[PDB]
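Contents: one structure, followed by commentary.
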Amino acid sequence: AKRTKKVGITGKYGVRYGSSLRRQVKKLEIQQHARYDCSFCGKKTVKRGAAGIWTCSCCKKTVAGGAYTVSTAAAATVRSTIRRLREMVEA
Amino acid sequence: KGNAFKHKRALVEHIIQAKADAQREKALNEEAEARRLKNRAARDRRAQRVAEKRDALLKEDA
Amino acid sequence: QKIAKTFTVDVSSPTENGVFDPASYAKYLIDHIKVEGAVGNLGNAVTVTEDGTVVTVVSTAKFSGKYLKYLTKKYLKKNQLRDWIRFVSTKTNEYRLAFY
RNA sequence: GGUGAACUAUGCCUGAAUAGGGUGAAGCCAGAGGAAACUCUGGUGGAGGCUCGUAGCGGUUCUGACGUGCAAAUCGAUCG
RNA sequence: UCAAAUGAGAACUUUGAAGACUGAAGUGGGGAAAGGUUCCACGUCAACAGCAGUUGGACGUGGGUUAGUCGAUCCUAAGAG
RNA sequence: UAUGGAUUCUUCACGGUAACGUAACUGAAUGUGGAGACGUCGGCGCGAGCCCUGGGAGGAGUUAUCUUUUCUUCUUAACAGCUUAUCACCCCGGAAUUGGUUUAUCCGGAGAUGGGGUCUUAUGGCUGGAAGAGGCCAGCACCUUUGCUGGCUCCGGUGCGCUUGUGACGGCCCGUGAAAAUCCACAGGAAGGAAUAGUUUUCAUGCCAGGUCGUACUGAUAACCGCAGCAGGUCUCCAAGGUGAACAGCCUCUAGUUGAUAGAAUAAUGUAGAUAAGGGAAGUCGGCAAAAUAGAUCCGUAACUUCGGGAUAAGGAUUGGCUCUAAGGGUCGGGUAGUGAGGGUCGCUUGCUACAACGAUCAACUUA
């Protein structure tokens with residue numbers, strides 16, 4: 001059945017800290033502990049080796065990314081911006 | 001996997017369920033349709049046991 | 001299959017001095033052989049082939065000559081004839097007596 | 001004008017050590033209800049600068065013994 | 001704890017005869033530093049072994065560690081110059 | 001250095017579809033990879049040893065009574081040859097009814113299932129080595145040197161058992177976990193080679209040669225140091241059985257000890273223990289001190305909470321011996337057709353028949 005109520009995966013910590021602290025950082029765990037897609041085979045193996053290291057075995061890719069997600073939206077807009085401004089300078 | 005079962009002999013009684021319901025339910029469906037047929041036709045002589053109100057009027061005057 | 005097992009023991013060694021009755025020892029066993037639970041439960045599986053000089057038991061029951069040694073030890077304890085006889089092995093299931 | 005980081009304080013490089021318990025974190029499944037959202041229920045599963053607690057490691061206390069001691073810092077109980 | 005022997009000597013030297021302990025995360029087996037002939041065989045007891053000591057790691061003497069194949073020196077680490 | 005083979009005018013092998021494979025089947029500079037060469041923790045599986053036990057045999061004790069009794073022997077090095085794995089790889093295949101499948105959730109049309117095969121040999125097994133060894137007894141022979149003379153060294157089982165090495169997962173890190181030393185193999189076709197020889201001889205066999213040191217012992221309440229033959233300190237490794245969850249306790253066996261100036265009486269005195277009617281902190285600055293509890297099994301639980309705690313909250317019930325009962329697993333099947341893939345035998349539905357609900361057997365300690 002359902003194991004924990006609201007503590008979830010940080011139930012390993014239990015009643016240990018200021019609860020604001022556990023309340024913020026449990027989300028950060030959820031971020032850095034997701035698996036993402038290889039866009040070249042279609043599957044998903046991408047996951048944090050380190051903060052900005054986004055490892056992948058399905059078709060064997062690894063991208064230096066953000067910290068806890070792979071790509072930040074800053075990389076998305078400098079992406080769309082070096083690319084789009086590349087379509088404003090190259091185009 | 002989930003839990004859904006007690007132990008070996010209990011699951012053997014469950015094998016008697018899978019056996020018992022494959023056999024005793026599948027053959028039940030087959031004999032069900034096999035018994036529907038031509039009691040269909042008894043209902044045909046029934047619906048022609050009170051609408052031959054229409055069969056006692058019309059065609060064979062010649 | 002049902003082969004009677006042969007156990008070959010010379011008992012002549014004090015009897016030749018006349019100081020021993022092997023009919024008293026085979027009599028001592030013929031009520032006492034622990035076959036099928038009861039000692040002396042000896043319905044026609046056995047042979048008691050004594051001589052006065054050499055006793056040999058050819059018996060299709062569960063037996064070992066080491067248990068025959070265990071039959072000697074209570075005997076020579078009982079009549080207390082220990083320390084004039086060793087139940088010596090010639091070879092396997094082959095034994096003999098002494099007189100000293 | 002000479003000597004000590006062997007004691008002691010600190011760094012680096014190569015090496016070694018740590019019963020038996022409580023704890024059930026996450027994962028995943030089985031069921032039920034709900035239109036879904038979800039809601040329970042039954043599990044799996046084995047988290048914790050977690051805990052008892054042994055080896056361990058220190059020493060809080062009785063103000064214990066000693067108090068020319070086994071002892072220039074011992075021994076008893078006790079504790080962490 | 002008892003008998004024997006041995007010696008002028010037997011509390012303390014042997015042998016038998018007993019009872020106990022550690023009890024195996026051993027009073028077990030050892031090994032590293034450390035010590036260094038203590039090791040081992042004999043003659044002996046000045047003196048020590050706080051009574052004793054006939055005994056010792058005591059005194060006088062001897063004997064004892066074997067390598068193509070096992071560690072050193074190779075390498076490099078911390079480091080040195 | 002010889003020998004034999006090799007591999008060749010296809011100058012310096014064969015085959016398999018690929019799996020991959022061998023006794024073979026040249027090579028400068030430049031690279032190349034690999035090894036060395038390195039985090040922790042968790043489960044899980046497997047190797048090895050140990051422990052436990054049966055039968056068979058040889059050795060020994062018990063015995064008023066029982067006691068097939070309590071113990072004892074039953075070994076195989078480096079090294080050779082065979083065998084042997086997770087994993088991996090190639091054909092066939094196209095899958096949704098999705099299937100395959102972990103203990104714990106993973107995979108498959110970028111081919112799953114599945115059906116075929118190819119492969120590392122960890123590992124373990126077999127045999128040799130290596131039985132003669134060793135051992136075990138058993139018998140004589142006598143100063144007997146003690147010599148002779150036999151036999152045995154067999155088959156088990158068992159495990160949440162112990163100790164240890166593996167496999168493959170899983171955890172964790174704003175922590176992501178040595179260096180050189182060394183040796184390949186492939187490019188490279190440098191350069192060199194057969195044609196009557198040619199030869200690397202990574203294919204075999206066949207010659208000789210193996211500095212220097214260290215090595216005995218203690219390793220500790222006498223071989224270390226503490227001033228001491230000082231109750232102080234001094235790094236590393238191995239664990240029998242009962243008992244118990246336990247390396248906890250306690251006993252027992254091996255291993256090893258059995259050493260502490262002696263003697264006689266028992267007065268206060270302390271020291272080290274215990275015991276106390278009744279009352280219970282008044283005593284004491286002050287419950288110091290002391291007393292009380294406790295394991296397991298079932299019940300129950302307050303406040304507060306930062307939700308996780310609190311909580312074992314608190315607080316309730318149980319614990320001999322015997323004779324019984326229940327559940328909790330594994331191997332084999334389901335024949336009058338003389339039957340299958342054969343064509344002493346031979347097996348499914350098995351009542352050259354072609355193939356359709358169960359029963360026979362071995363095994364636990366687990367709760368009730």
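Following the order of the structure tokens, chains are lettered A, B, ..., residues in each are numbered from 1, and ligands are numbered from 1.
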Next item on the list: From a DSSP pass on the backbone, collect the residues of chain A flagged as helix (DSSP H, G or I) and hand them back as a ChimeraX atom specification.
Entry: /A:8-12,19-32,73-84,86-89
Export, as a CSV table (one decimal), in the first residue's frame, the selected residues with C-alpha atoms.
```csv
chain,number,residue,atom,x,y,z
A,8,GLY,CA,7.7,10.6,1.2
A,9,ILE,CA,11.3,9.8,0.3
A,10,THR,CA,12.8,12.1,2.9
A,11,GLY,CA,11.2,9.8,5.6
A,12,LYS,CA,14.8,8.6,6.0
A,19,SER,CA,10.7,21.7,8.7
A,20,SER,CA,11.2,24.5,6.2
A,21,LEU,CA,14.5,23.0,5.3
A,22,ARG,CA,13.2,19.5,4.6
A,23,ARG,CA,10.2,21.1,2.9
A,24,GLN,CA,12.3,22.9,0.3
A,25,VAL,CA,15.1,20.3,-0.3
A,26,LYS,CA,12.8,17.3,-0.8
A,27,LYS,CA,11.8,19.0,-4.0
A,28,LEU,CA,15.4,19.3,-5.0
A,29,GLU,CA,15.8,15.5,-4.6
A,30,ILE,CA,12.8,15.0,-6.9
A,31,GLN,CA,14.5,17.2,-9.5
A,32,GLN,CA,17.9,15.6,-9.5
A,73,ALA,CA,15.4,27.5,-19.3
A,74,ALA,CA,18.4,29.8,-19.6
A,75,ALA,CA,20.0,27.2,-21.8
A,76,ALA,CA,16.6,27.0,-23.6
A,77,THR,CA,16.6,30.7,-24.3
A,78,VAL,CA,20.3,31.1,-25.1
A,79,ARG,CA,19.5,28.0,-27.2
A,80,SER,CA,16.6,29.7,-29.0
A,81,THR,CA,18.6,33.0,-29.0
A,82,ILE,CA,21.9,31.9,-30.3
A,83,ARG,CA,19.9,29.8,-32.7
A,84,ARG,CA,17.3,32.5,-33.5
A,86,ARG,CA,21.8,32.9,-35.6
A,87,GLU,CA,18.6,33.1,-37.8
A,88,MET,CA,19.0,36.9,-37.5
A,89,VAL,CA,22.7,37.0,-38.3
```
Checklist line | Which of chain C fall in strand (DSSP E), as a PyMOL selection string | finding: chain C and resi 5-10+48-49+54-59+88-89+94-96
Item checked: Interatomic distance (Å, one decimal) between CA of residue 58 in chain C and CA of residue 42 in chain C ->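 Taking CA of residue 58 in chain C as the start and CA of residue 42 in chain C as the end point, the length is 12.4 Å.
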Checklist line | Close residues, residue 64 in chain D itself excluded, 8 Å, only C-alpha atoms (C1' of nucleotides), min 2 positions apart in chain, as a list in words | finding: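 Using only C-alpha atoms (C1' of nucleotides), the neighbours found are residues 62, 76 and 77 of chain D.
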File of the preceding selection, C-alpha atoms (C1' of nucleotides), as a PDB file, in the first residue's frame:
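New file selection.pdb:
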```
ATOM      1  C1'   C D  62      29.966   7.818  44.210  1.00  0.00           C
ATOM      2  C1'   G D  76      36.294  -0.370  42.198  1.00  0.00           C
ATOM      3  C1'   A D  77      31.470   1.097  41.046  1.00  0.00           C
TER       4        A D  77
END
```
Notebook entry, point to check: Contacts of residue 55 in chain E at 10 Å or less, counting only C-alpha atoms (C1' of nucleotides), minus same-chain residues fewer than 3 places along, as a list in words?
Noted result: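 After dropping sequence-adjacent residues, the list is residues 12, 13, 45, 49 and 58 of chain E.
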Keeping only C-alpha atoms (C1' of nucleotides), take the residues you just selected and write them out as a PDB file, in the first residue's frame.
```pdb
ATOM      1  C1'   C E  12      60.485 -23.740  46.170  1.00  0.00           C
ATOM      2  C1'   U E  13      64.541 -30.081  42.048  1.00  0.00           C
ATOM      3  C1'   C E  45      75.117 -21.738  42.307  1.00  0.00           C
ATOM      4  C1'   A E  49      65.919 -14.802  41.912  1.00  0.00           C
ATOM      5  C1'   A E  58      71.982 -16.700  37.554  1.00  0.00           C
TER       6        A E  58
END
```
Contact table chain F vs chain C, cut-off 10 Å, shortest pair per residue, only C-alpha atoms (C1' of nucleotides), as CSV:
```
residue,atom,partner,partner_atom,distance
F:56,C1',C:64,CA,9.2
F:57,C1',C:92,CA,7.3
F:58,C1',C:92,CA,8.2
F:62,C1',C:74,CA,9.9
F:63,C1',C:74,CA,6.7
F:68,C1',C:67,CA,5.5
F:69,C1',C:70,CA,8.6
F:138,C1',C:89,CA,7.2
F:139,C1',C:90,CA,8.5
F:150,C1',C:91,CA,8.8
F:151,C1',C:91,CA,6.5
F:152,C1',C:92,CA,9.7
```
Take the residues from that selection and put them in a file with N, CA and C atoms (P, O5', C5', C4', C3', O3' and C1' of nucleotides), as a PDB file, in the first residue's frame.
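The result, stored in again_2.pdb:
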```pdb
ATOM      1  P     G F  56      27.431 -50.097  10.206  1.00  0.00           P
ATOM      2  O5'   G F  56      28.408 -50.914   9.264  1.00  0.00           O
ATOM      3  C5'   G F  56      27.902 -51.590   8.129  1.00  0.00           C
ATOM      4  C4'   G F  56      28.917 -51.559   7.034  1.00  0.00           C
ATOM      5  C3'   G F  56      30.326 -51.865   7.491  1.00  0.00           C
ATOM      6  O3'   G F  56      30.573 -53.238   7.680  1.00  0.00           O
ATOM      7  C1'   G F  56      30.375 -49.915   6.233  1.00  0.00           C
ATOM      8  P     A F  57      30.551 -53.817   9.174  1.00  0.00           P
ATOM      9  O5'   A F  57      31.944 -54.555   9.316  1.00  0.00           O
ATOM     10  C5'   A F  57      33.041 -53.881   9.896  1.00  0.00           C
ATOM     11  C4'   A F  57      34.036 -53.469   8.851  1.00  0.00           C
ATOM     12  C3'   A F  57      35.391 -53.044   9.376  1.00  0.00           C
ATOM     13  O3'   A F  57      36.233 -54.124   9.636  1.00  0.00           O
ATOM     14  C1'   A F  57      34.612 -51.372   7.995  1.00  0.00           C
ATOM     15  P     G F  58      36.322 -54.697  11.115  1.00  0.00           P
ATOM     16  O5'   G F  58      37.858 -55.013  11.284  1.00  0.00           O
ATOM     17  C5'   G F  58      38.478 -54.771  12.517  1.00  0.00           C
ATOM     18  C4'   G F  58      39.642 -53.847  12.357  1.00  0.00           C
ATOM     19  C3'   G F  58      40.035 -53.141  13.626  1.00  0.00           C
ATOM     20  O3'   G F  58      40.773 -53.957  14.507  1.00  0.00           O
ATOM     21  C1'   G F  58      39.899 -51.562  11.912  1.00  0.00           C
ATOM     22  P     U F  62      35.303 -51.032  30.935  1.00  0.00           P
ATOM     23  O5'   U F  62      33.943 -50.320  31.310  1.00  0.00           O
ATOM     24  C5'   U F  62      33.883 -49.129  32.071  1.00  0.00           C
ATOM     25  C4'   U F  62      32.480 -48.627  31.987  1.00  0.00           C
ATOM     26  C3'   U F  62      31.455 -49.742  32.082  1.00  0.00           C
ATOM     27  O3'   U F  62      31.043 -49.973  33.414  1.00  0.00           O
ATOM     28  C1'   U F  62      31.055 -48.457  30.139  1.00  0.00           C
ATOM     29  P     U F  63      31.828 -51.026  34.330  1.00  0.00           P
ATOM     30  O5'   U F  63      30.697 -52.020  34.828  1.00  0.00           O
ATOM     31  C5'   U F  63      29.411 -51.527  35.155  1.00  0.00           C
ATOM     32  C4'   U F  63      28.399 -52.008  34.158  1.00  0.00           C
ATOM     33  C3'   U F  63      28.356 -53.503  33.965  1.00  0.00           C
ATOM     34  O3'   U F  63      27.569 -54.126  34.951  1.00  0.00           O
ATOM     35  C1'   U F  63      28.378 -52.414  31.855  1.00  0.00           C
ATOM     36  P     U F  68      23.091 -50.134  22.684  1.00  0.00           P
ATOM     37  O5'   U F  68      24.339 -49.938  21.734  1.00  0.00           O
ATOM     38  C5'   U F  68      25.178 -51.037  21.454  1.00  0.00           C
ATOM     39  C4'   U F  68      25.260 -51.290  19.981  1.00  0.00           C
ATOM     40  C3'   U F  68      24.843 -50.154  19.078  1.00  0.00           C
ATOM     41  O3'   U F  68      25.793 -49.111  19.029  1.00  0.00           O
ATOM     42  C1'   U F  68      24.127 -52.246  18.202  1.00  0.00           C
ATOM     43  P     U F  69      25.295 -47.601  19.242  1.00  0.00           P
ATOM     44  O5'   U F  69      25.807 -47.227  20.697  1.00  0.00           O
ATOM     45  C5'   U F  69      24.938 -46.626  21.642  1.00  0.00           C
ATOM     46  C4'   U F  69      25.578 -46.585  22.997  1.00  0.00           C
ATOM     47  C3'   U F  69      26.839 -45.746  23.102  1.00  0.00           C
ATOM     48  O3'   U F  69      26.593 -44.363  23.244  1.00  0.00           O
ATOM     49  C1'   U F  69      27.241 -47.846  24.060  1.00  0.00           C
ATOM     50  P     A F 138      46.586 -52.750  17.090  1.00  0.00           P
ATOM     51  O5'   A F 138      45.930 -54.188  17.086  1.00  0.00           O
ATOM     52  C5'   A F 138      44.896 -54.474  16.163  1.00  0.00           C
ATOM     53  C4'   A F 138      45.259 -55.601  15.265  1.00  0.00           C
ATOM     54  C3'   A F 138      46.619 -56.200  15.494  1.00  0.00           C
ATOM     55  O3'   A F 138      46.807 -56.928  16.681  1.00  0.00           O
ATOM     56  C1'   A F 138      46.351 -55.909  13.227  1.00  0.00           C
ATOM     57  P     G F 139      48.260 -56.848  17.360  1.00  0.00           P
ATOM     58  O5'   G F 139      48.911 -58.259  17.049  1.00  0.00           O
ATOM     59  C5'   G F 139      48.094 -59.404  16.892  1.00  0.00           C
ATOM     60  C4'   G F 139      48.657 -60.314  15.843  1.00  0.00           C
ATOM     61  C3'   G F 139      50.131 -60.621  15.981  1.00  0.00           C
ATOM     62  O3'   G F 139      50.414 -61.589  16.953  1.00  0.00           O
ATOM     63  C1'   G F 139      49.732 -59.965  13.802  1.00  0.00           C
ATOM     64  P     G F 150      52.592 -59.532   3.394  1.00  0.00           P
ATOM     65  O5'   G F 150      51.034 -59.771   3.230  1.00  0.00           O
ATOM     66  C5'   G F 150      50.133 -58.701   3.414  1.00  0.00           C
ATOM     67  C4'   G F 150      49.078 -59.045   4.422  1.00  0.00           C
ATOM     68  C3'   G F 150      47.995 -58.004   4.569  1.00  0.00           C
ATOM     69  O3'   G F 150      47.013 -58.098   3.574  1.00  0.00           O
ATOM     70  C1'   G F 150      48.831 -58.473   6.676  1.00  0.00           C
ATOM     71  P     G F 151      46.845 -56.882   2.551  1.00  0.00           P
ATOM     72  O5'   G F 151      45.392 -56.365   2.890  1.00  0.00           O
ATOM     73  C5'   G F 151      44.479 -57.251   3.502  1.00  0.00           C
ATOM     74  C4'   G F 151      43.810 -56.588   4.660  1.00  0.00           C
ATOM     75  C3'   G F 151      43.464 -55.141   4.432  1.00  0.00           C
ATOM     76  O3'   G F 151      42.309 -54.965   3.653  1.00  0.00           O
ATOM     77  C1'   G F 151      44.521 -55.329   6.488  1.00  0.00           C
ATOM     78  P     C F 152      42.361 -53.944   2.425  1.00  0.00           P
ATOM     79  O5'   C F 152      41.429 -52.756   2.912  1.00  0.00           O
ATOM     80  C5'   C F 152      40.568 -52.936   4.023  1.00  0.00           C
ATOM     81  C4'   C F 152      40.648 -51.741   4.917  1.00  0.00           C
ATOM     82  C3'   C F 152      40.689 -50.432   4.166  1.00  0.00           C
ATOM     83  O3'   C F 152      39.392 -49.982   3.833  1.00  0.00           O
ATOM     84  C1'   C F 152      42.371 -50.458   5.831  1.00  0.00           C
TER      85        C F 152
END
```
Next item on the list: Skip range 289-302 of chain F itself and residues of its chain fewer than 6 positions away, then list as a list in words all residues within 12 Å of it, counting only C-alpha atoms (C1' of nucleotides).
Entry: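 Neighbouring residues, sequence-local ones excluded: residues 62 and 64 of chain D; 244, 245, 280, 281, 310, 311, 312, 313, 314, 315, 316, 317, 318 and 319 of chain F.
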Next item on the list: Write out as a ChimeraX atom specification each polymer residue whose atoms come within 9 Å of residue 38 in chain E, counting only C-alpha atoms (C1' of nucleotides); drop sequence neighbours fewer than 4 positions from it.
Entry: /E:57 /F:217-218,223
Those same residues - N, CA, C and O atoms (P, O5', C5', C4', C3', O3' and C1' of nucleotides) - I'd like them written as a PDB file, in the first residue's frame.
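Printed below is result22.pdb as written:
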```
ATOM      1  P     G E  57      68.333 -20.595  31.336  1.00  0.00           P
ATOM      2  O5'   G E  57      68.790 -19.441  30.347  1.00  0.00           O
ATOM      3  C5'   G E  57      67.849 -18.505  29.858  1.00  0.00           C
ATOM      4  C4'   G E  57      68.296 -17.100  30.132  1.00  0.00           C
ATOM      5  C3'   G E  57      68.704 -16.865  31.582  1.00  0.00           C
ATOM      6  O3'   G E  57      69.646 -15.798  31.658  1.00  0.00           O
ATOM      7  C1'   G E  57      66.826 -15.553  31.085  1.00  0.00           C
TER       8        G E  57
ATOM      9  P     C F 217      62.805 -19.517  15.147  1.00  0.00           P
ATOM     10  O5'   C F 217      63.164 -18.864  16.554  1.00  0.00           O
ATOM     11  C5'   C F 217      63.149 -19.643  17.739  1.00  0.00           C
ATOM     12  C4'   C F 217      63.547 -18.830  18.941  1.00  0.00           C
ATOM     13  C3'   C F 217      62.570 -17.754  19.363  1.00  0.00           C
ATOM     14  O3'   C F 217      61.399 -18.223  19.989  1.00  0.00           O
ATOM     15  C1'   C F 217      64.735 -16.868  19.421  1.00  0.00           C
ATOM     16  P     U F 218      60.024 -17.461  19.677  1.00  0.00           P
ATOM     17  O5'   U F 218      59.883 -16.438  20.883  1.00  0.00           O
ATOM     18  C5'   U F 218      60.284 -16.802  22.191  1.00  0.00           C
ATOM     19  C4'   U F 218      60.464 -15.580  23.037  1.00  0.00           C
ATOM     20  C3'   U F 218      59.325 -14.589  22.950  1.00  0.00           C
ATOM     21  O3'   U F 218      58.237 -14.910  23.784  1.00  0.00           O
ATOM     22  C1'   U F 218      61.343 -13.450  22.617  1.00  0.00           C
ATOM     23  P     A F 223      59.635  -8.638  29.399  1.00  0.00           P
ATOM     24  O5'   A F 223      59.981  -9.221  27.954  1.00  0.00           O
ATOM     25  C5'   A F 223      60.667 -10.457  27.772  1.00  0.00           C
ATOM     26  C4'   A F 223      62.104 -10.234  27.388  1.00  0.00           C
ATOM     27  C3'   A F 223      62.303  -9.708  25.975  1.00  0.00           C
ATOM     28  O3'   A F 223      63.404  -8.809  25.954  1.00  0.00           O
ATOM     29  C1'   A F 223      63.388 -11.798  26.204  1.00  0.00           C
TER      30        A F 223
END
```
Using only C-alpha atoms (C1' of nucleotides), I'd like every residue of chain D that has an atom within 12 Å of chain A; please write them out as a PDB file with C-alpha atoms (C1' of nucleotides), in the first residue's frame.
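Result file is iface_7.pdb:
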```pdb
ATOM      1  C1'   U D  23      13.507   1.254  13.005  1.00  0.00           C
ATOM      2  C1'   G D  24      10.754   0.663   7.583  1.00  0.00           C
ATOM      3  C1'   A D  25      12.718   5.597   4.076  1.00  0.00           C
ATOM      4  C1'   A D  26      12.262   5.211  -1.301  1.00  0.00           C
ATOM      5  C1'   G D  27      11.094   1.780  -5.305  1.00  0.00           C
ATOM      6  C1'   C D  28       7.528  -1.633  -7.136  1.00  0.00           C
ATOM      7  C1'   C D  29       2.922  -4.779  -7.138  1.00  0.00           C
ATOM      8  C1'   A D  30      -2.185  -6.771  -5.681  1.00  0.00           C
ATOM      9  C1'   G D  31      -7.219  -5.227  -4.387  1.00  0.00           C
ATOM     10  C1'   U D  39      -9.111   7.744  -2.352  1.00  0.00           C
ATOM     11  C1'   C D  40      -8.004   4.062   0.700  1.00  0.00           C
ATOM     12  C1'   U D  41      -6.691  -1.393   1.538  1.00  0.00           C
ATOM     13  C1'   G D  42      -3.160  -5.419   1.256  1.00  0.00           C
ATOM     14  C1'   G D  43       1.657  -6.262   0.225  1.00  0.00           C
ATOM     15  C1'   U D  44       6.620  -5.882  -1.627  1.00  0.00           C
ATOM     16  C1'   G D  45      10.959  -3.484  -0.337  1.00  0.00           C
ATOM     17  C1'   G D  46      15.030  -2.471   2.943  1.00  0.00           C
ATOM     18  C1'   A D  47      16.390   4.406   4.139  1.00  0.00           C
ATOM     19  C1'   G D  48      18.311   7.116   8.457  1.00  0.00           C
ATOM     20  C1'   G D  49      25.538  13.123  10.603  1.00  0.00           C
ATOM     21  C1'   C D  50      18.453   7.015  13.446  1.00  0.00           C
TER      22        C D  50
END
```
Margin query: Taking only C-alpha atoms (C1' of nucleotides) into account and nothing else, which residues of chain B lie no more than 10 Å away from chain D? Please answer as a PyMOL selection string.
Written below: chain B and resi 1-5
